[PDB]
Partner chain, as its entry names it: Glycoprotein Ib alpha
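Given next, in structure tokens, is a single chain: the form deposited without the partner chain.
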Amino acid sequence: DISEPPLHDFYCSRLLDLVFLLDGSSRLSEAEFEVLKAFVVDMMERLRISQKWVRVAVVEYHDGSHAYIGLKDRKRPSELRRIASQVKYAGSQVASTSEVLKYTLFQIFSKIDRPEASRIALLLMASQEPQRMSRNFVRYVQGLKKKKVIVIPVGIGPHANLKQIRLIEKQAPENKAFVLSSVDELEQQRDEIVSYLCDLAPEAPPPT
């Protein structure tokens, strides 16, 4: 048995597949990226991570996607959390949201092996990709919408692609956006994001 107790009282114990998508561009500095990663880690601590409960995936995106954690990774919650805090600061000139939403659609939820859990993609955005890479953007968002993958856009700062954030929101009612001024505000909103997100997932049927 490779699992461990909750570190906290506030904890999400529902059937959920949660994907954390981290902006890897230079819009976030090394120090700010560390705050992003720490936000990801404390979100994780308040999750009952397990193949039968909450599964997590962590993808840092830039030109392409660098996935550090996959949903099926059978590792203990603590190791997963460590991998997340060790995520490498890329500082790219380009962090493509289209290309990372494409990865979630065709690579993470290619086909639903867990139709009993809600699918949620937490898009942490600090920038805007060049217009030329945004051609299929709405298509990828409509694609995840059909597979019932909820995209919760978290805009961080002035450079965040608010136009895309607004497009995501209107594709489906649950795609709630969280616009923040900087990574320093993440902590102040964390519990509210986990509650919203947890509340969306199905509860496990009464232990029988």
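Residue numbers count along the first chain shown, from 1.
The protein also exists as the form deposited with the partner chain bound; that form is not presented, and the subsequent description refers to it.
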Practice prompt. Could you confirm whether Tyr103 comes within 4.5 Å of the partner chain in the deposited bound form, counting heavy atoms only?
Written response: yes
Practice prompt. Answer with yes or no whether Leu15 is in contact with the partner chain in the deposited bound form, where contact means some heavy atom within 4.5 Å.
Written response: yes
Worksheet item: Taking the shortest heavy atom distance, is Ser78 within 4.5 Å of the partner chain in the deposited bound form?
Response: no
Worksheet item: Can you check whether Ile83 is within 4.5 Å of the partner chain in the deposited bound form, heavy atom basis?
Response: yes
Item to complete: Scan 55-80 and write down, in order along the chain, each residue with a heavy atom lying within 4.5 Å of the partner chain in the deposited bound form.
Response: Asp63, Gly64, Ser65, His66, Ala67, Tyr68, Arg74
